[PDB]
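Please read the structure below before turning to the comments.
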Amino acid sequence: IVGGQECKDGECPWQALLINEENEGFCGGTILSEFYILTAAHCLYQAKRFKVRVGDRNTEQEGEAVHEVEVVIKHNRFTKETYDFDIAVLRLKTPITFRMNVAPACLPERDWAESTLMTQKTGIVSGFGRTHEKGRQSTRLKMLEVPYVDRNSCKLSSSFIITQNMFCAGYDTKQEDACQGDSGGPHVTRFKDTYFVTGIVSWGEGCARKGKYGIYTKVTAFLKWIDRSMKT
Amino acid sequence: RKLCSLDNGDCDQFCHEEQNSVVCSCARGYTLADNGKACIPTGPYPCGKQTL
Ligand SMILES: C/C(=C\S(=O)(=O)N[C@H]1CCN([C@@H](C)C(=O)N2CCOCC2)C1=O)c1ccc(Cl)s1
């Protein structure tokens, strides 16, 4: 996350961090329930073997719990060429114990999310990714309020295709955005003090570049797919 | 603005229009309150709540 603020105690409890063999974070995820994590399908190529860490806000200090993955459920239509269908669900081997800094984000109903959540002014993106386009992964969990961007405006700004499975959020020139290592992490939208999962950090042309926005997987497009992935 | 487009039909969470009236509902781990509008957490650590 470029810009934004540090997540304070209890503020981003649905954040998950995918960590490699070296125990280094390389992508985020969103806690959906005691057994399930939501992430980006493209993250599944950035490590051969990985585990999921929850409850950690500071990677330099041990509420945290490390969970091994039992089943990886990647969307069969994910394409490396456009990042279309950038979504995966992880079933963990052991259930997550909810506590301070560890709790699931709510999954909304589709129509209502489209009419009520996606129409809000802003959502919140979070992660342990880079804090500058060129830089080291953050050791602290960060979050950032990101305005929803007009669908036409973001297609116009984009050098790459923006499908119906994607949406744009962020700022035209202000220097704040998700960045490398934030992929797979949560985009949530608050409604009456309840936070709903609305996107998955997916891609961007660099980080926080003038006239470019962050691109996120549109969770409303996959609610049935997610529901189905959690039942089997 | 009428029904669900009027302040979410006074619903805490989901709002749907069935026939010509508001029907509220909640996410998993919540129960609809007696008033048919509020959502009550069924236990600790309901989804979507900061743990402050
Ligand atoms: C991860 C990232 C910024 S990055 O600079 O780390 N990686 C960039 C490099 C090029 N791309 C895109 C253009 C890309 O290579 N794609 C997208 C289209 O399909 C093919 C692959 C990135 O995602 C993000 C910025 C904003 C969000 Cl949201 S996440």
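Indexing begins at 1, ligand by ligand and atom by atom, following the structure's order. The chains referred to below are lettered A, B, ... by the order of the sequence lines, with proteins before strands, and numbering in each begins at 1. We use all heavy atoms of the structure for the numbers below, so side chains are in, but hydrogens, waters and symmetry mates are not.
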Using side-chain heavy atoms (C-beta onward) and a distance below 4.5 Å, is A:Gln137 in contact with A:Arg130? yes

Near A:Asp177, which atoms of ligand 1 are under 4.0 Å from a heavy atom of that residue? 26 (C)

The atoms of ligand 1 lying under 4.0 Å from a heavy atom of A:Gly214, numbered in the order shown, are 26 (C), 28 (Cl)

Can you sort out which atoms of ligand 1 are near A:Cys207, meaning under 4.0 Å from one of its heavy atoms? 3 (C), 5 (O)

Within ligand 1, which atoms have a heavy atom of A:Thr82 less than 4.0 Å away? 18 (C), 19 (O)

On the 0 to 90° scale, with breaks at 30° and 60°, tag the A:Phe196-B:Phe14 ring pair as parallel, tilted or perpendicular. tilted

Can you check whether A:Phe78 and A:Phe85 have ring centres sitting under 6.0 Å from each other? no

Please list, in number order, the atoms of ligand 1 under 4.0 Å from a heavy atom of A:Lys80. 20 (C)

Return the closest protein heavy atom for atom 7 (N) of ligand 1 as residue, atom name and distance. A:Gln180 NE2, 3.8 Å

Quick one: which ligand 1 atoms are inside 4.0 Å of a heavy atom on A:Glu81? 19 (O), 20 (C)

Determine whether A:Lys218 and A:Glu114 make a side-chain contact, defined as any pair of heavy atoms from C-beta on separated by less than 4.5 Å. no

According to a hydrophobic-cluster definition based on side-chain heavy atoms being under 4.5 Å apart (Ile, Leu, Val, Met, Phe, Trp, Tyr only), do A:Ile215 and A:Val149 belong together? no

Salt bridge or not for A:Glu133 and A:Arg209, using N-O below 4.0 Å? yes

Numbered atoms of ligand 1 (with element) below 4.0 Å of A:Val201, judged on heavy atoms: 28 (Cl), 29 (S)

Hey, which atoms in ligand 1 end up nearer than 4.0 Å to a heavy atom of A:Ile215? 28 (Cl)

Side-chain touch A:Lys155/A:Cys168, heavy atoms, less than 4.5 angstrom: no

Assess whether a salt bridge exists between A:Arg49 and A:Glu21, defined as any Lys/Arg side-chain N lying under 4.0 Å from an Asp/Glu carboxylate O. no

Distance flag, aromatic centroids of A:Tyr148 and A:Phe167, threshold under 6.0 Å: yes

closest protein heavy atom to atom 3 (C) of ligand 1 is A:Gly206 O, 3.5 Å

Heavy-atom distance from atom 25 (C) of ligand 1 to the protein below 4.0 Å? yes

Heavy-atom proximity to atom 29 (S) of ligand 1, picking from A:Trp203, A:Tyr216, A:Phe160, points to A:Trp203

Does some non-hydrogen atom of the protein lie less than 4.0 angstrom from atom 15 (O) of ligand 1? no

In terms of residue, atom name and distance, what is the protein heavy atom nearest to atom 1 (C) of ligand 1? A:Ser183 OG, 3.6 Å

Out of A:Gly204, A:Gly185, A:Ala169, whose heavy atom is nearest to atom 12 (C) of ligand 1? A:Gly204

How about B:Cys11 and B:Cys4, are their SG atoms within less than 2.5 Å of each other? no

